[PDB]
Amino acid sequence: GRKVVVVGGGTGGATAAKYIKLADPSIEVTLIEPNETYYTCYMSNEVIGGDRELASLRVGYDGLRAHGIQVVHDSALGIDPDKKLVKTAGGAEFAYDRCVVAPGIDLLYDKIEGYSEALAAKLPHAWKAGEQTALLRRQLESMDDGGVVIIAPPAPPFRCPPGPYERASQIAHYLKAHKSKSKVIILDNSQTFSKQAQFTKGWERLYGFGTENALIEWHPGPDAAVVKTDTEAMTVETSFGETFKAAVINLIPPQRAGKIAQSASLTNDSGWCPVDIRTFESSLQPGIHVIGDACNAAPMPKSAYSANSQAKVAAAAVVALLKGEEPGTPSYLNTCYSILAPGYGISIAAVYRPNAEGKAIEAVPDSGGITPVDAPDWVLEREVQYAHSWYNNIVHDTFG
């Protein structure tokens, strides 16, 4: 009988704990997570748009306890890889034989001059869901008609490449029906963005894009990158030196792996965690596996589907290695759906394999890709129903 500790009970950590315990129930599996209710950030943009309720994003931990995982609500403060102990803020110590670390992202608020963690209570990021999702939706619901909404994505890599752009679509769906004099301005770090051709065509058709009465504007980086804000004056300033005043400002700060991965010496100079992609074992600390947003698994995006897929690789590899078996050949998959309006959805998908030497992940040739730019309306309408179905299925598979 062997021991595993999982640090983080979001999409990566809950998936890995579940799939380790179910593959070999003789393993003792303890999951450490400080929040007793998880909020999915996926589908939270439908909450910000108005067509979904915030409570639908909540997930509890009774599904994992029913699989025989002990769930401890505390934060891990340190991991000693030599004694193999995870130390918690409450002062408890949990011994392990293998440790899985899935702590998501640290948001670097004060990289935007004038912003800070405390000030996310005024200009929400809502890049972690829950109160932040509620704050951003309340600000929209209280915004006077004609007010401007800013969305400011950071430079890549960040959590969910298309997420800011689904968000703009969802905010425009809300303004079009309820505050039609308003508009969303996207001030980007990047010259191009995820699914850009497909999003642009959808915004032309739905939201007046490229016309004087557009509900959405998009400004490219690097000129438009937000470098400063004044939260009292409700302005931002771009790298080009342009000021924008807005009634609601959603700053999405740059990101790196979550703090526990930084303080446990699992990251490198990219600010993310290097791993062997066959097993997700850390390249820096043997016996610790890193999965989900925190790891470098390019070209997989930082998404829940990727975290859940990486968790299954990591779980099967941890189970084999604890048993003295050889981990198998990995397989991985992603899909990110974006809902532009109730009848209009698009997706980007890929199926991945380890490369020939087992050193990096690659997309399988001649596979995957995006909803086509000239996709017909029957495809665009069904995509939103399949996106809702992905949400219900990935949530149960992860936590149920």
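Quick note: we count residues from 1 along the sequence shown, nothing fancier.
Comparing 331-339 with 370-378, the higher mean C-alpha B-factor in the PDB entry belongs to 370-378. The stretch with the higher mean CA B factor, choosing between 313-321 and 180-188, is 180-188. Among 274, 292, 156, 130, the highest C-alpha B-factor in the deposited entry belongs to 156. The PDB entry gives the largest Cα B-factor of the residues 146, 287, 164, 258 to 146. In this PDB entry, residue 173 carries a Cα temperature factor that places it within the middle third of its chain's modelled residues. In the deposited entry, the Cα temperature factor of residue 12 sits in the bottom third of values across the chain's modelled residues.
Per the PDB record, residue ranking by Cα B-factor puts residue 45 in the lowest third of the chain. In the deposited entry, the Cα temperature factor of residue 125 places it in the lowest third of its chain's modelled residues. Sort the modelled residues of the chain by CA B factor and residue 301 lands in the lowest third.
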